[PDB]
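Engineer: Structure for this input, please:
(8 chains)
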Amino acid sequence: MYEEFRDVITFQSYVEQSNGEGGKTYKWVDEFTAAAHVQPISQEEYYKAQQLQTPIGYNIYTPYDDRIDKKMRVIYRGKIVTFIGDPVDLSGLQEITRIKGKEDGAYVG
Amino acid sequence: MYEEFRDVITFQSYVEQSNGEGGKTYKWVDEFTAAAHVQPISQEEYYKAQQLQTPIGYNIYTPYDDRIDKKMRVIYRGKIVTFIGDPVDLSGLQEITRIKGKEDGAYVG
Amino acid sequence: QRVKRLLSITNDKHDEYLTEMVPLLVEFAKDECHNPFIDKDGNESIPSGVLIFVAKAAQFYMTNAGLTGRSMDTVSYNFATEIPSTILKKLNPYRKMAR
Amino acid sequence: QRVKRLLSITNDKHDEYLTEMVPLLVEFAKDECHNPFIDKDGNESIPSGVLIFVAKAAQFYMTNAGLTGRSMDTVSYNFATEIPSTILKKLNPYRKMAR
Amino acid sequence: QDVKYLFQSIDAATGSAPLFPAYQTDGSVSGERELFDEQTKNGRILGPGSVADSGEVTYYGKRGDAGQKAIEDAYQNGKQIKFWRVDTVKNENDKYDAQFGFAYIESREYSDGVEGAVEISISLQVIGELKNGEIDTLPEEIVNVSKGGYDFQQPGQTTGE
Amino acid sequence: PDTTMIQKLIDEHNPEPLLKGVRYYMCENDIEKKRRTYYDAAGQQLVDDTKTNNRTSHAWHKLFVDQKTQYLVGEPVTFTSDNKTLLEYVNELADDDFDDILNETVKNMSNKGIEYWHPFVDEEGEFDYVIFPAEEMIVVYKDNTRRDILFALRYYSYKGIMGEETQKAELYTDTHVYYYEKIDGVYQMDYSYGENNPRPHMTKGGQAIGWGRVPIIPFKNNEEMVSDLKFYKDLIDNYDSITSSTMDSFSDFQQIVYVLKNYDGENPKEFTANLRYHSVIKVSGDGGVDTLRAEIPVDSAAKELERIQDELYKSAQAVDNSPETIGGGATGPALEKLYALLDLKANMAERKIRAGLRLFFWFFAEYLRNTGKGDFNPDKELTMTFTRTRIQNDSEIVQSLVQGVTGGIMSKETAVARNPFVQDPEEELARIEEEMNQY
Amino acid sequence: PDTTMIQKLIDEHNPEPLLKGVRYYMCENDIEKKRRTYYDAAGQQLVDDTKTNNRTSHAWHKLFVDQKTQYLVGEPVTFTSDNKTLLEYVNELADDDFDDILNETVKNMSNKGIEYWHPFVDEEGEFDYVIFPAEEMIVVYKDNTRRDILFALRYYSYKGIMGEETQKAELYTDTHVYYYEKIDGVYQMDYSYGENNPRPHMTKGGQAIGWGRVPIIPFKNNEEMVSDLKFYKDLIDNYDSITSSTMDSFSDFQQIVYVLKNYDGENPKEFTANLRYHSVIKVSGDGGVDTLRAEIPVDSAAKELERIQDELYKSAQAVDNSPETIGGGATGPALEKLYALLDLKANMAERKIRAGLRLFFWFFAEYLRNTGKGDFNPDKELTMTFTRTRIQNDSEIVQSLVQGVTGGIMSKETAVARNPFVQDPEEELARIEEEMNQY
Amino acid sequence: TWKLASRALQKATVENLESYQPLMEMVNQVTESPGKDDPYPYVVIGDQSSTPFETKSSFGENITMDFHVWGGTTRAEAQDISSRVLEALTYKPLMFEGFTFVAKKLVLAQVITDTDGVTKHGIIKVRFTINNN
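Structural biologist: Residues are numbered from 1 along each chain as shown, chains lettered A, B, ... in the order given. Right below this line is the structure:
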């Protein structure tokens, strides 16, 4: 199947800057390449309610990847996206990271 | 499958909590020693109602999850999330605890 | 699973417990000459018939036991699938169906 | 799957563990003459009957184990399908159904 | 004794350029609320800031008035206008102190005239309020100068009669 | 001869071949064949303790031999020696011993073993022959002549005068057999025989006599070493072995092997005690233990057995011993006649006499030569022809004789004369006289 | 002759053919056939250690030969030689040795082996014949005449005078057999025989005599080399082999092969020890191990066996040895008669005499020629016809004789005369006198 | 003098927000903005019952921010900083020469309803006024 494999998706971290200040000119770093199977939670696509999935962050699951998860940007194929969550090893022979929960959930002020 | 894991490298993790007054107390809370796993409620992803869930904390299931759960910030994989719940070990040959309950309540004042 | 998991498994965890349990029935029953089912060393042996039942049951029982590893409060039932109708069907049970 | 995945698989990961486990039962039991099931070199061999059970069980067990790879908290159950009623049905188990 | 209060505002505080009457009879609308004078503070985030409660003026008109047309011409260009107000109380032409106050163009319903003379009422109301602002500058200038301006140079010449 | 040299000769030669015969005579060894073996983890064959061994001797062999000797001789009509001196002894004796001795000597050699037989002098000094098991000794030539073997010494150990096991060796000398004590290593003057006593194995009349050949010349006798006695024996022994095994199998078959696949039952310590007490067999677990039970194939085994036996049969002995088809053969004579069991023995017996019958005669002449009297072959002398005999003729002839006497036509007496029972016509005469007297 | 040349001849020729016979006589080699073989990974056939070998000699062969010799000769009525000198010896002897020698010489050659037989001079100098295994030597002509083979030398090694293995070779010479020590390479003057001693193998009366032909002329004798002794032997040996194998199979069949598919049980080190102690067989795992058990086909095997045996039977020996249908044949004569076992032997025995019977006679004349006396064929001289004989006639005739004597009609004496037992009518006369005297 | 510079301070305000690492992530927004649904704690931000009113006028010189929070995301962060600074500044009346300014007015209201039964949320409103109108 996968075999010793990269996804292959290269992962890089994107930060506007490393400092207290945020925004402003942005620098890029390649934290590391990592492979993950990411399908956005993006609604189950049962779409029973089909209201969700809203969340601002995107949930990505990357096996045994500390790095990929939040406080690091994730890149796929050099594409850049940022996601938030908390890594988890839901299952698999090897622990595979996952993102739990969402932010800015239902109900708004 | 998972087998005994390498994982534990200890991060204090940082949180600021309970600033009653301008003076604040800051504790570094990373309860986890063992890396831990979080099984997101993350909504069923049936999402029949699909209203839920955006838990303030993240419900987690870990072996020795009890320590892991709330009243300390948990970092997984360097990604940081806070969760609330009263841990119990649901099952497993080894006890696996999970975070029970999610703040806040669905109904808000 | 993980070695720790294996250890967590009761059966694995207690070799002795699992090991001991079978021979109580086994030792007296089989012939018993005894067909020794034992070394001179006295290393234990387990009957084929006993083994098949025991292994199947034990393997299931641990699975049923969980925890991990166990059925969810709301879950499909591990119990139904694993528990032999089939294995019980094995050995017939009636056996040589007829006498 | 991936080689890493294979490595991740406990059975694959520990050749020794898997390899060792069978012969404990096997070595004493079979004849045992021993029908050597071993080279002069002492390379281990595994019984057909043991092998069939072991391989089937082991293959399942890893699948059951996950993680990847494991049933979801809410998921269909790998357990039911893979676990032999059928394989147990294989070898009968009663066997030569009758005596 | 020469009593006259001219109407004049180009645009800048008090307009700083005289125009001849109609005469502002007298009045101060308010100035209670803050009221905003030119607030002087340092290290402050001036407040309430650009707002005015309002202004009040009463006017009298004489048979001969000039610059009415001019005003319209002025109007066409259009701009914010800040008039002078002059009180009585021993206001000499030279001597007289004047309060800039603030002015609003908008309200002039009509002019009514008695046979002897026509009287007009104009009231200056500032539109507000903004709680946040900021003129910023203009009223600050207005008040500063308003403390003591340059007074009614033209009227000194008058009172020939 | 130095002891060592003599001793050395003994060791190398292998005891087995005579020993097998010697053992064989007592009985064939059932034991090796009889016991079943099982394969250990080592897989080296180990005989099970349990199997017992049974072996039986064969009745048949003994009977044949005894009958053979008597029949073969047929009792010579007369024996004569060319030499007067020998003849004088001969006439009186007439054999009496001599014929027996000749038969015995040849017979014994022909007899099982020896393989190598060494005569020993009797205390009496009359020839005594005893047979001892093989060393077996190595043929060597004590004397200068390499070709001849004066004797090969053998030692055997018997327990025991002491009652404690001791090795025993006896040197044998041409003059006589020697007995030595192992512990001493020698008794009496080893070097001397001698001179006397011991007395010579054989003595000439009036003087010590030497064969001139020293025992013992090894008997091949044939490559098989099949003969003579062994001839019956070897076949017989095998026959016994097979038969014995068969019987054992029958017993074994009968006894019982229930074997139970299941079911316990108590651990065997308990099980045995209760089982004995109960003396009942019940099946635990699921009812009934077919268990094979022992075997379907057992019946097939019988088929194999028949096949095996059949194969055995063709080669097989179990002499028919059927009654003769031929009529006549009146019962009394029949019983002796039928084999009975002359026929088989007789041929060999004839073999005993000849070849070497001529040789014996020549030897006898040689004995005469020893006498130094002119030597004539005993056949030549009388002249006698052997065998005339005719013992066999007697059977047929007698019947004629009965008629002849009765008829009186002839001889009668000469018919008697053929033996002659007696030359004297007188017996006939008496009848005639009686007839004349009568009545 | 240079040693090397002589030695060279020895090596090339292959020992096997005589050797097989020589070995054969002692016994056929069961071993090669007997042991089962298994296939290794290499797949080269390796014989299993376990299988033991059994071989047996055949009783039957020995008996036949011995009987044959005596029967064939029938004992000649008389032997004569044309030459007076020879005759003088002949009359006295009468054979006595000579006939035996002739029989022996022919018989021995006919006998198993030789294949190549070289006479050796006895110490006595009387002809002694001993048979040694083949080198086998290569036929070569020592003498100029290529065609003739003076002799082919053979060497054999026997252990041992030293007791240490040594090679031995003996040169053989026409004059006599030679023995050489390998280590020396020669003993005595190799070049000289000689001259004496050694004494000549055969000596003429009063002078050394030479055959003029030097041993040994190889015996084909036939392409088969089937005969004479081998004639029985070859068939017999095969018979033994088959029989022996059959017996073994029976034993093997009986003993037991349970074989268990399952179940352990302990590792065999433990298993063996406990198993022996338990001396019980139980099935672990699922109850019962049919396991085949050994075989369904075993029964079928018997069928094969019968088929095999049946095939064997047609070609098969196991001579019927049935009692004669023919009546008469009184038991005593019957036993000797029936084969018994004259018939088979006799034909070959006749073969021994002839062809070459004439040749022998001619040779005998040749001997006379050696004498230098005028040579007449011995048949011519008397004249004698051979065989008259008639020994066989004697059987039938005697019965007539019994009647004849009894009747007295005839001869009687001449009937005796036919042998004649004796010419002298006197024996008849005595009866007559007795009759006259009677009574 | 302050003039535009005072406006500049707002730029400074922007800077601090960016300067806030956690500030990027939420960004602030969640719970505020959609994701209110997302699990408690959830805090939103926005005016209370605010609908645009008045036309052709500024909403007000002063800007007021209403905070409605559950899980109390940050009354504290704003409040603490403001309080400390404010406290020092206060204890002195706010006045300008020749001018008076007042902070008007104080309204306090709090209502909490918890469907979840989570502890009651508190709502704090803060109003800021800059410059006179």
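Engineer: Stretch A:97-109 near chain D anywhere?
Structural biologist: No - using Cβ under 8 Å from any Cβ of the partner chain, stretch A:97-109 never reaches chain D; the gap is at least 10.8 Å. For every residue, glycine as well, the C-beta is placed using N, CA and C.
Engineer: Distance from that stretch to the middle of the chain?
Structural biologist: Distance of stretch A:97-109 from the chain centroid (Cα atoms, centre = their mean, to the nearest Å) equals 14 Å.
Engineer: measure the closest residue to residue C:85 other than its chain neighbours to residue F:372 for me?
Structural biologist: What sits nearest to residue C:85 in space, not counting adjacent residues and going by Cβ to Cβ, 6 or more residues apart in numbering or on different chains, is residue D:85, at 6.6 Å. Distance of residue D:85 to residue F:372, given as Cβ to Cβ, to the nearest Å: 112 Å.
Engineer: if we can go back for a sec, list phi and psi for the residue nearest to residue C:85.
Structural biologist: Backbone torsions of residue D:85, given as degrees, to the nearest 10, read phi -70, psi -40.
Engineer: For it, which residues are in contact?
Structural biologist: Neighbouring residues of residue D:85 by Cβ atoms under 8 Å, 6 or more residues apart in numbering or on different chains: C:81, C:84, C:85, C:86, C:87, C:89.
Engineer: want to try CSV for those, with secondary structure as columns?
Structural biologist: Formatted as CSV, those follow (DSSP: H, G, I helix; E, B strand; the rest coil):
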residue, secondary structure
C:81, helix
C:84, coil
C:85, coil
C:86, helix
C:87, helix
C:89, helix
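Engineer: Quick one, which of the residues you listed are buried?
Structural biologist: Those of the contacts of residue D:85 that meet the buried threshold are C:81, C:84, C:86, C:87, C:89, by 16 or more other Cβ atoms under 10 Å in any protein chain shown.
Engineer: can you give me the strands in chain F?
Structural biologist: Taking DSSP state E to define them, one finds strands in chain F at F:37-39, F:45-47, F:120-121, F:127-128, F:168-169, F:180-181, F:203-204, F:207-208.
Engineer: Looking at the buried ones among the contacts of residue D:85, spot the one nearest residue G:344.
Structural biologist: residue C:89 (74.6 Å; Cβ to Cβ).
Engineer: Contact residues of chain C facing chain G?
Structural biologist: Where chain C comes near chain G, counting by Cβ under 8 Å from any Cβ, the residues are C:30-31, C:33-41, C:43, C:45, C:47-49, C:51.
Engineer: chain center to the helix or strand harbouring residue C:21, what's the gap?
Structural biologist: Using DSSP states H and E, the element containing residue C:21 is helix C:15-29. In terms of Cα atoms, centre = their mean, the centre of helix C:15-29 is set 10 Å apart from its chain centre.
Engineer: got the angle between the following helix or strand past that helix and helix D:15-29?
Structural biologist: Scanning forward in sequence from helix C:15-29 by DSSP H and E, the next helix or strand is helix C:48-65. Computed by axes from the mean of the first three to the mean of the last three Cα atoms, to 10 degrees, the angle separating helix C:48-65 from helix D:15-29 equals 150 degrees.
Engineer: Give me the contact list for helix C:48-65.
Structural biologist: Here helix C:48-65 makes contact (Cβ under 8 Å, 6+ apart) with B:93, C:9-11, C:18, C:21-22, C:25-26, C:46, C:69-71, C:78-79, C:82-84, C:87, C:90-91, D:25, D:53, D:57, D:64, D:79, D:83, D:88, D:91, D:93, F:262, G:262-263, G:284-287.
Engineer: Now restrict these to buried residues only.
Structural biologist: Buried subset of the contacts of helix C:48-65 (neighbour count, 16+ other Cβ under 10 Å): B:93, C:9, C:11, C:18, C:22, C:26, C:46, C:69-71, C:78, C:82-84, C:87, C:90-91, D:25, D:53, D:57, D:64, D:79, D:83, D:88, D:91, D:93, F:262, G:262-263, G:284-287.
Engineer: before we move on, the earlier item: emit the ChimeraX select command for whichever of the residues of chain C next to chain G are buried.
Structural biologist: A single ChimeraX command selects the buried members of the residues of chain C next to chain G (16+ other Cβ under 10 Å):
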select /C:30,31,33,34,35,36,37,38,39,40,45,47,48,49,51
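Engineer: give me phi/psi at residue 99?
Structural biologist: Just so you know, I chose chain A. Dihedral pair for residue A:99: phi -110, psi 140, per degrees, to the nearest 10.
Engineer: To clarify, I was referring to chain H.
Structural biologist: phi -140, psi 160.
Engineer: residues from chain C in reach of chain F?
Structural biologist: So chain C meets chain F at C:26, C:27, C:28, C:29, C:30, C:31, C:32, C:33, C:34, C:49, C:95, C:99 (Cβ under 8 Å from any Cβ).
Engineer: Can you report how many residues neighbour the fourth one?
Structural biologist: In this case it means residue C:29. The tally of other residues near residue C:29 (other Cβ atoms under 10 Å in any protein chain shown) stands at 21.
Engineer: and it, what does it touch?
Structural biologist: For residue C:29, the contact set (Cβ under 8 Å, 6+ apart) comprises F:262, F:263, F:264, F:265, F:284, F:285.
Engineer: closest to chain C among these?
Structural biologist: residue F:264 (3.1 Å; Cβ to the nearest Cβ).
Engineer: Apart from its chain neighbours, what residue comes closest to the residue positioned nearest the centre of chain H?
Structural biologist: With distances taken as Cα atoms, centre = their mean, the residue of chain H nearest its centroid is residue H:65 (3.7 Å). Leaving aside its sequence neighbours, residue H:65 sits nearest to residue H:126 (Cβ to Cβ, 6+ apart; 5.4 Å).
Engineer: Next, count neighbours for the residue of the stretch 101-250 of chain F found nearest chain A.
Structural biologist: Of all residues in the stretch 101-250 of chain F, residue F:249 sits closest to chain A, at 61.9 Å by Cβ to the nearest Cβ. Around residue F:249 there are 15 other residues, counting by other Cβ under 10 Å.
Engineer: Next: residue E:114.
Structural biologist: A count of neighbours around residue E:114, defined by other Cβ under 10 Å, yields 8.
Engineer: swap in residue E:131?
Structural biologist: Around residue E:131 sit 25 other residues, with neighbours defined as other Cβ under 10 Å.
Engineer: Tell me which residues touch residue A:52, please.
Structural biologist: A:41, A:43, B:43, B:47, B:50.
Engineer: So which of those is surrounded by the most neighbours?
Structural biologist: Neighbour-wise, these (other Cβ under 10 Å) top out at residue B:43, 27 neighbours.
Engineer: Would you check that it makes contact with residue B:53?
Structural biologist: Yes - Residue B:43 lies in contact with residue B:53 (Cβ atoms under 8 Å); the separation is 4.8 Å.
Engineer: coming back round to it: what's the closest of the buried ones among the contacts of residue D:85 to chain G?
Structural biologist: Nearest to chain G among those: residue C:87, at 14.0 Å, using Cβ to the nearest Cβ.
Engineer: check contacts around that closest one.
Structural biologist: Counting by Cβ under 8 Å, 6+ apart, residue C:87 makes contact with C:52, C:53, C:56, D:84, D:85, D:88, D:89, D:93.
Engineer: Just the element for the last one, please.
Structural biologist: Taking DSSP H and E as the criterion, residue D:93 maps to no regular element, lying outside all helices and strands.
Engineer: So it versus chain E, what's the distance?
Structural biologist: From residue D:93 over to chain E the distance is 86 Å, taken as Cβ to the nearest Cβ, to the nearest Å.
Engineer: For that residue, which non-adjacent residue is closest in space?
Structural biologist: residue C:90 (2.7 Å).
Engineer: ok, the closest residue to chain E within chain C - how many residues close by?
Structural biologist: In chain C, the residue that lies nearest chain E is residue C:74 (56.3 Å; Cβ to the nearest Cβ). Residues near residue C:74, counting by other Cβ under 10 Å, number 6.
Engineer: Report the secondary structure state of it.
Structural biologist: coil.
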